[PDB]
$ cat coords.pdb   # PDB, C-alpha atoms
ATOM      1  CA  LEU W   1       8.605   4.740 -17.831  1.00  0.00           C
ATOM      2  CA  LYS W   2       6.011   2.083 -18.813  1.00  0.00           C
ATOM      3  CA  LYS W   3       7.921   1.704 -22.103  1.00  0.00           C
ATOM      4  CA  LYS W   4      11.134   1.292 -20.053  1.00  0.00           C
ATOM      5  CA  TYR W   5       9.457  -1.393 -17.831  1.00  0.00           C
ATOM      6  CA  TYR W   6       8.360  -3.340 -20.936  1.00  0.00           C
ATOM      7  CA  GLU W   7      11.993  -3.362 -22.263  1.00  0.00           C
ATOM      8  CA  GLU W   8      13.403  -4.996 -19.093  1.00  0.00           C
ATOM      9  CA  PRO W   9      13.816  -8.842 -19.391  1.00  0.00           C
ATOM     10  CA  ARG W  10      13.001 -11.667 -16.917  1.00  0.00           C
ATOM     11  CA  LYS W  11       9.791 -10.215 -15.609  1.00  0.00           C
ATOM     12  CA  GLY W  12       7.878 -13.486 -15.925  1.00  0.00           C
ATOM     13  CA  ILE W  13       4.171 -14.245 -15.950  1.00  0.00           C
ATOM     14  CA  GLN W  14       3.002 -11.476 -13.498  1.00  0.00           C
ATOM     15  CA  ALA W  15       4.502  -8.609 -15.578  1.00  0.00           C
ATOM     16  CA  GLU W  16       1.189  -7.160 -16.802  1.00  0.00           C
ATOM     17  CA  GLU W  17      -0.826  -7.829 -13.613  1.00  0.00           C
ATOM     18  CA  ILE W  18       1.733  -6.164 -11.309  1.00  0.00           C
ATOM     19  CA  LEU W  19       2.056  -3.152 -13.655  1.00  0.00           C
ATOM     20  CA  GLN W  20      -1.754  -2.693 -13.877  1.00  0.00           C
ATOM     21  CA  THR W  21      -2.049  -2.983 -10.051  1.00  0.00           C
ATOM     22  CA  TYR W  22       0.726  -0.360  -9.724  1.00  0.00           C
ATOM     23  CA  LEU W  23      -0.843   2.030 -12.279  1.00  0.00           C
ATOM     24  CA  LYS W  24      -4.248   1.766 -10.623  1.00  0.00           C
ATOM     25  CA  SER W  25      -2.588   2.632  -7.254  1.00  0.00           C
ATOM     26  CA  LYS W  26      -1.334   5.903  -8.814  1.00  0.00           C
ATOM     27  CA  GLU W  27      -4.685   7.072 -10.340  1.00  0.00           C
ATOM     28  CA  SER W  28      -5.378   9.219  -7.234  1.00  0.00           C
ATOM     29  CA  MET W  29      -1.954  10.911  -7.600  1.00  0.00           C
ATOM     30  CA  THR W  30      -2.698  11.550 -11.321  1.00  0.00           C
ATOM     31  CA  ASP W  31      -6.081  13.096 -10.432  1.00  0.00           C
ATOM     32  CA  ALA W  32      -4.545  15.279  -7.682  1.00  0.00           C
ATOM     33  CA  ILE W  33      -1.942  16.596 -10.199  1.00  0.00           C
ATOM     34  CA  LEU W  34      -4.806  17.262 -12.686  1.00  0.00           C
ATOM     35  CA  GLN W  35      -6.856  19.226 -10.119  1.00  0.00           C
ATOM     36  CA  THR W  36      -3.748  21.237  -9.133  1.00  0.00           C
ATOM     37  CA  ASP W  37      -2.912  21.952 -12.844  1.00  0.00           C
ATOM     38  CA  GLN W  38      -6.528  23.056 -13.573  1.00  0.00           C
ATOM     39  CA  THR W  39      -6.646  25.293 -10.470  1.00  0.00           C
ATOM     40  CA  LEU W  40      -3.265  26.874 -11.340  1.00  0.00           C
ATOM     41  CA  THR W  41      -4.214  27.283 -15.060  1.00  0.00           C
ATOM     42  CA  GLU W  42      -7.501  28.977 -14.039  1.00  0.00           C
ATOM     43  CA  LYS W  43      -5.600  31.255 -11.589  1.00  0.00           C
ATOM     44  CA  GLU W  44      -3.121  32.223 -14.369  1.00  0.00           C
ATOM     45  CA  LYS W  45      -6.031  32.894 -16.716  1.00  0.00           C
ATOM     46  CA  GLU W  46      -7.725  35.133 -14.086  1.00  0.00           C
ATOM     47  CA  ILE W  47      -4.374  36.964 -13.492  1.00  0.00           C
ATOM     48  CA  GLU W  48      -4.014  37.562 -17.262  1.00  0.00           C
ATOM     49  CA  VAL W  49      -7.686  38.699 -17.570  1.00  0.00           C
ATOM     50  CA  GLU W  50      -7.242  41.054 -14.563  1.00  0.00           C
TER
ATOM     51  CA  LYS D   1     -11.075 -25.483  15.301  1.00  0.00           C
ATOM     52  CA  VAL D   2      -9.316 -23.054  12.902  1.00  0.00           C
ATOM     53  CA  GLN D   3     -11.312 -20.320  11.178  1.00  0.00           C
ATOM     54  CA  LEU D   4      -9.258 -17.955   9.002  1.00  0.00           C
ATOM     55  CA  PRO D   5      -8.268 -15.172   9.441  1.00  0.00           C
ATOM     56  CA  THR D   6      -7.397 -15.665  13.147  1.00  0.00           C
ATOM     57  CA  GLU D   7      -7.078 -12.441  15.192  1.00  0.00           C
ATOM     58  CA  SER D   8      -3.726 -13.367  16.804  1.00  0.00           C
ATOM     59  CA  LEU D   9      -0.803 -15.504  15.694  1.00  0.00           C
ATOM     60  CA  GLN D  10      -0.668 -16.817  19.290  1.00  0.00           C
ATOM     61  CA  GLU D  11      -4.223 -18.351  19.174  1.00  0.00           C
ATOM     62  CA  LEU D  12      -3.327 -20.147  15.926  1.00  0.00           C
ATOM     63  CA  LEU D  13      -0.052 -21.435  17.442  1.00  0.00           C
ATOM     64  CA  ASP D  14      -1.799 -22.658  20.638  1.00  0.00           C
ATOM     65  CA  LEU D  15      -4.407 -24.533  18.551  1.00  0.00           C
ATOM     66  CA  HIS D  16      -1.556 -26.076  16.516  1.00  0.00           C
ATOM     67  CA  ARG D  17       0.423 -27.114  19.665  1.00  0.00           C
ATOM     68  CA  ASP D  18      -2.642 -28.778  21.252  1.00  0.00           C
ATOM     69  CA  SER D  19      -3.537 -30.647  18.002  1.00  0.00           C
ATOM     70  CA  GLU D  20       0.171 -31.552  17.511  1.00  0.00           C
ATOM     71  CA  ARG D  21       0.416 -33.049  21.037  1.00  0.00           C
ATOM     72  CA  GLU D  22      -2.764 -35.118  20.466  1.00  0.00           C
ATOM     73  CA  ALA D  23      -1.339 -36.328  17.100  1.00  0.00           C
ATOM     74  CA  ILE D  24       1.924 -37.369  18.858  1.00  0.00           C
ATOM     75  CA  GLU D  25      -0.181 -39.237  21.497  1.00  0.00           C
ATOM     76  CA  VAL D  26      -2.067 -41.034  18.662  1.00  0.00           C
ATOM     77  CA  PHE D  27       1.314 -41.995  17.087  1.00  0.00           C
ATOM     78  CA  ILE D  28       2.825 -43.210  20.445  1.00  0.00           C
ATOM     79  CA  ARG D  29      -0.210 -45.439  21.048  1.00  0.00           C
ATOM     80  CA  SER D  30       0.013 -47.064  17.568  1.00  0.00           C
ATOM     81  CA  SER D  31       3.837 -47.232  17.064  1.00  0.00           C
ATOM     82  CA  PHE D  32       6.524 -49.595  18.308  1.00  0.00           C
ATOM     83  CA  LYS D  33      10.257 -50.214  17.638  1.00  0.00           C
ATOM     84  CA  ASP D  34      10.815 -46.909  15.753  1.00  0.00           C
ATOM     85  CA  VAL D  35      14.521 -47.430  14.938  1.00  0.00           C
ATOM     86  CA  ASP D  36      16.442 -44.124  15.328  1.00  0.00           C
ATOM     87  CA  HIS D  37      13.011 -42.442  15.858  1.00  0.00           C
ATOM     88  CA  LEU D  38      12.764 -42.231  12.019  1.00  0.00           C
ATOM     89  CA  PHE D  39       8.947 -42.319  11.837  1.00  0.00           C
ATOM     90  CA  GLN D  40       8.667 -39.861  14.742  1.00  0.00           C
ATOM     91  CA  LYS D  41      11.030 -37.460  12.883  1.00  0.00           C
ATOM     92  CA  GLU D  42       8.923 -37.920   9.724  1.00  0.00           C
ATOM     93  CA  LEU D  43       5.786 -37.047  11.752  1.00  0.00           C
ATOM     94  CA  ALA D  44       7.511 -33.986  13.318  1.00  0.00           C
ATOM     95  CA  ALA D  45       8.616 -32.789   9.854  1.00  0.00           C
ATOM     96  CA  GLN D  46       5.041 -33.249   8.515  1.00  0.00           C
ATOM     97  CA  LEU D  47       3.574 -31.339  11.517  1.00  0.00           C
ATOM     98  CA  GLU D  48       6.106 -28.471  11.077  1.00  0.00           C
ATOM     99  CA  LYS D  49       5.230 -28.268   7.346  1.00  0.00           C
ATOM    100  CA  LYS D  50       1.527 -28.008   8.302  1.00  0.00           C
ATOM    101  CA  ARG D  51       2.292 -25.318  10.914  1.00  0.00           C
ATOM    102  CA  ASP D  52       4.052 -23.273   8.203  1.00  0.00           C
ATOM    103  CA  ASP D  53       1.200 -23.792   5.656  1.00  0.00           C
ATOM    104  CA  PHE D  54      -1.561 -22.736   8.116  1.00  0.00           C
ATOM    105  CA  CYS D  55       0.436 -19.692   9.283  1.00  0.00           C
ATOM    106  CA  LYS D  56       0.983 -18.645   5.619  1.00  0.00           C
ATOM    107  CA  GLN D  57      -2.733 -19.199   4.773  1.00  0.00           C
ATOM    108  CA  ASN D  58      -3.645 -17.096   7.834  1.00  0.00           C
ATOM    109  CA  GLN D  59      -1.347 -14.262   6.628  1.00  0.00           C
ATOM    110  CA  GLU D  60      -2.907 -14.414   3.127  1.00  0.00           C
ATOM    111  CA  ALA D  61      -6.537 -14.588   4.398  1.00  0.00           C
ATOM    112  CA  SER D  62      -5.869 -11.658   6.791  1.00  0.00           C
ATOM    113  CA  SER D  63      -4.202  -9.599   4.003  1.00  0.00           C
ATOM    114  CA  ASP D  64      -7.032 -10.282   1.501  1.00  0.00           C
ATOM    115  CA  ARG D  65      -9.804  -9.539   4.040  1.00  0.00           C
ATOM    116  CA  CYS D  66      -8.097  -6.295   5.164  1.00  0.00           C
ATOM    117  CA  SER D  67      -7.416  -5.218   1.523  1.00  0.00           C
ATOM    118  CA  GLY D  68     -11.095  -5.790   0.643  1.00  0.00           C
ATOM    119  CA  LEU D  69     -12.218  -3.989   3.792  1.00  0.00           C
ATOM    120  CA  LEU D  70     -10.018  -0.939   3.021  1.00  0.00           C
ATOM    121  CA  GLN D  71     -11.459  -0.857  -0.482  1.00  0.00           C
ATOM    122  CA  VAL D  72     -14.986  -0.886   1.041  1.00  0.00           C
ATOM    123  CA  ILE D  73     -14.247   1.758   3.744  1.00  0.00           C
ATOM    124  CA  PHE D  74     -12.091   4.156   1.700  1.00  0.00           C
ATOM    125  CA  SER D  75     -13.773   3.667  -1.781  1.00  0.00           C
ATOM    126  CA  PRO D  76     -16.198   6.605  -1.116  1.00  0.00           C
ATOM    127  CA  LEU D  77     -13.202   8.820  -0.140  1.00  0.00           C
ATOM    128  CA  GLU D  78     -11.322   7.843  -3.329  1.00  0.00           C
ATOM    129  CA  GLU D  79     -14.397   8.710  -5.452  1.00  0.00           C
ATOM    130  CA  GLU D  80     -14.871  11.999  -3.509  1.00  0.00           C
ATOM    131  CA  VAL D  81     -11.228  12.889  -4.422  1.00  0.00           C
ATOM    132  CA  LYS D  82     -11.843  12.024  -8.137  1.00  0.00           C
ATOM    133  CA  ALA D  83     -14.944  14.242  -8.152  1.00  0.00           C
ATOM    134  CA  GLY D  84     -12.809  17.170  -6.867  1.00  0.00           C
ATOM    135  CA  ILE D  85     -14.717  17.585  -3.560  1.00  0.00           C
ATOM    136  CA  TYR D  86     -11.486  18.500  -1.737  1.00  0.00           C
ATOM    137  CA  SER D  87     -10.224  20.832  -4.538  1.00  0.00           C
ATOM    138  CA  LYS D  88     -11.029  24.070  -2.654  1.00  0.00           C
ATOM    139  CA  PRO D  89      -9.418  26.260   0.102  1.00  0.00           C
ATOM    140  CA  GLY D  90      -9.145  24.216   3.330  1.00  0.00           C
ATOM    141  CA  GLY D  91      -9.975  21.070   1.351  1.00  0.00           C
ATOM    142  CA  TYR D  92      -6.775  19.323   2.477  1.00  0.00           C
ATOM    143  CA  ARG D  93      -7.840  19.663   6.135  1.00  0.00           C
ATOM    144  CA  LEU D  94     -11.240  18.126   5.323  1.00  0.00           C
ATOM    145  CA  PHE D  95      -9.509  15.253   3.444  1.00  0.00           C
ATOM    146  CA  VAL D  96      -7.212  14.571   6.479  1.00  0.00           C
ATOM    147  CA  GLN D  97     -10.179  14.639   8.912  1.00  0.00           C
ATOM    148  CA  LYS D  98     -12.186  12.264   6.697  1.00  0.00           C
ATOM    149  CA  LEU D  99      -9.122   9.983   6.360  1.00  0.00           C
ATOM    150  CA  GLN D 100      -8.796   9.853  10.204  1.00  0.00           C
ATOM    151  CA  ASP D 101     -12.546   9.102  10.630  1.00  0.00           C
ATOM    152  CA  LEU D 102     -12.282   6.242   8.092  1.00  0.00           C
ATOM    153  CA  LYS D 103      -9.156   4.842   9.833  1.00  0.00           C
ATOM    154  CA  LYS D 104     -11.173   4.877  13.080  1.00  0.00           C
ATOM    155  CA  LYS D 105     -13.952   2.989  11.240  1.00  0.00           C
ATOM    156  CA  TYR D 106     -11.401   0.391   9.921  1.00  0.00           C
ATOM    157  CA  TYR D 107     -10.100  -0.186  13.473  1.00  0.00           C
ATOM    158  CA  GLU D 108     -13.689  -0.888  14.738  1.00  0.00           C
ATOM    159  CA  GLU D 109     -14.305  -3.684  12.186  1.00  0.00           C
ATOM    160  CA  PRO D 110     -13.667  -7.241  13.610  1.00  0.00           C
ATOM    161  CA  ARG D 111     -11.885 -10.292  12.086  1.00  0.00           C
ATOM    162  CA  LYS D 112      -9.102  -8.403  10.422  1.00  0.00           C
ATOM    163  CA  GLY D 113      -6.391 -10.736  11.709  1.00  0.00           C
ATOM    164  CA  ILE D 114      -2.634 -10.357  11.965  1.00  0.00           C
ATOM    165  CA  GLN D 115      -2.042  -8.174   8.807  1.00  0.00           C
ATOM    166  CA  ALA D 116      -4.467  -5.410   9.933  1.00  0.00           C
ATOM    167  CA  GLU D 117      -1.810  -2.772  10.684  1.00  0.00           C
ATOM    168  CA  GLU D 118       0.587  -3.707   7.843  1.00  0.00           C
ATOM    169  CA  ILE D 119      -2.117  -3.586   5.142  1.00  0.00           C
ATOM    170  CA  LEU D 120      -3.465  -0.255   6.483  1.00  0.00           C
ATOM    171  CA  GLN D 121       0.036   1.335   6.573  1.00  0.00           C
ATOM    172  CA  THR D 122       0.735   0.060   3.004  1.00  0.00           C
ATOM    173  CA  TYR D 123      -2.614   1.565   1.903  1.00  0.00           C
ATOM    174  CA  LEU D 124      -1.991   4.928   3.641  1.00  0.00           C
ATOM    175  CA  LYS D 125       1.482   5.208   2.143  1.00  0.00           C
ATOM    176  CA  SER D 126      -0.048   4.558  -1.340  1.00  0.00           C
ATOM    177  CA  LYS D 127      -2.283   7.629  -0.824  1.00  0.00           C
ATOM    178  CA  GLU D 128       0.466  10.103   0.299  1.00  0.00           C
ATOM    179  CA  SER D 129       0.811  11.381  -3.309  1.00  0.00           C
ATOM    180  CA  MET D 130      -2.967  12.043  -3.469  1.00  0.00           C
ATOM    181  CA  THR D 131      -2.753  13.895  -0.104  1.00  0.00           C
ATOM    182  CA  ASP D 132       0.131  16.043  -1.399  1.00  0.00           C
ATOM    183  CA  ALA D 133      -1.693  16.805  -4.683  1.00  0.00           C
ATOM    184  CA  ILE D 134      -4.776  17.969  -2.680  1.00  0.00           C
ATOM    185  CA  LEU D 135      -2.441  20.118  -0.492  1.00  0.00           C
ATOM    186  CA  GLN D 136      -0.793  21.778  -3.525  1.00  0.00           C
ATOM    187  CA  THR D 137      -4.238  22.430  -5.071  1.00  0.00           C
ATOM    188  CA  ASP D 138      -5.567  23.900  -1.742  1.00  0.00           C
ATOM    189  CA  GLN D 139      -2.470  26.163  -1.361  1.00  0.00           C
ATOM    190  CA  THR D 140      -2.696  27.349  -4.990  1.00  0.00           C
ATOM    191  CA  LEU D 141      -6.444  28.066  -4.643  1.00  0.00           C
ATOM    192  CA  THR D 142      -5.989  29.778  -1.209  1.00  0.00           C
ATOM    193  CA  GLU D 143      -3.216  31.986  -2.676  1.00  0.00           C
ATOM    194  CA  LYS D 144      -5.445  32.827  -5.701  1.00  0.00           C
ATOM    195  CA  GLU D 145      -8.337  33.777  -3.347  1.00  0.00           C
ATOM    196  CA  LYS D 146      -5.948  35.899  -1.298  1.00  0.00           C
ATOM    197  CA  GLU D 147      -4.708  37.692  -4.467  1.00  0.00           C
ATOM    198  CA  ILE D 148      -8.369  38.225  -5.588  1.00  0.00           C
ATOM    199  CA  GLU D 149      -9.206  39.738  -2.169  1.00  0.00           C
ATOM    200  CA  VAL D 150      -6.033  41.926  -2.204  1.00  0.00           C
ATOM    201  CA  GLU D 151      -6.843  43.104  -5.776  1.00  0.00           C
TER
END

$ encode --input "coords.pdb" --output "structure tokens"
Amino acid sequence: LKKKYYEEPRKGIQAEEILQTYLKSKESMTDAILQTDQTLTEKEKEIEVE
Amino acid sequence: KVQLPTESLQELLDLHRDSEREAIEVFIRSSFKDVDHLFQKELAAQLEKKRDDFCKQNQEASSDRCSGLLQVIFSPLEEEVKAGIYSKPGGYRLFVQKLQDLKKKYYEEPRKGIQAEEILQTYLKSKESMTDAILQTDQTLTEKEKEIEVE
């Protein structure tokens, strides 16, 4: 989706700054998905070990 | 008389109206034979343009101050999420309680100005995905603990 955003024309001078501000706003969502993945992966590993 | 951000739009408008009236009185005392009131219309247009500038600058100053304040107040909570403090059974409930306590703290802070609610709502909406990720992690861990206890 970042690659798709780069391909779009007529973004103007704030293209990078707005994208970086947006990506930074989604770091918490990324981290929450990571914690959920790790917790589920550990639970699957325990289920397989059991 | 104007110090930004102003708490209400109304206080800023009243200060503008008083200063505008005094400026019109200064003009009336130093003008004569204003054909078609052309100079008076020019003055009114200049005063309207200044009203719009100062209202915009107040919106910006209020937004920036509130955005910085939310970063200060909720920066520990964001770091606590990154460190996985809420990644445990019942951790979502603790995150929601801490989020409510920090909103209460943000409300107590003075000199937020007219964008206080709008900036806070925009910030809270940006953290819904983080809230949901913590909830999914809590549910998954709580189910795993329940299976471990059942086993």

$ atom_distance --input "coords.pdb" --atom1 "CA of residue 95 (chain D)" --atom2 "CA of residue 36 (chain W)"
15.1 Å

$ interface_residues --input "coords.pdb" --of "chain W" --to "chain D" --cutoff "8 Å" --atoms "all atoms listed in the file" --output "count of residues only"
14

$ resolve_selection --input "coords.pdb" --expression "the PyMOL selection byres ((chain D and resi 111) around 9)" --output "list in words"
residues 4, 5, 6, 7, 62, 65, 66, 109, 110, 112 and 113 of chain D

$ closest_residue --input "coords.pdb" --among "D:44, D:15, D:70, D:150" --to "residue 120 (chain D)" --atoms "all atoms listed in the file"
D:70

$ atom_distance --input "coords.pdb" --atom1 "CA of residue 2 (chain W)" --atom2 "CA of residue 19 (chain W)"
8.3 Å

$ atom_distance --input "coords.pdb" --atom1 "CA of residue 16 (chain D)" --atom2 "CA of residue 43 (chain D)"
14.0 Å
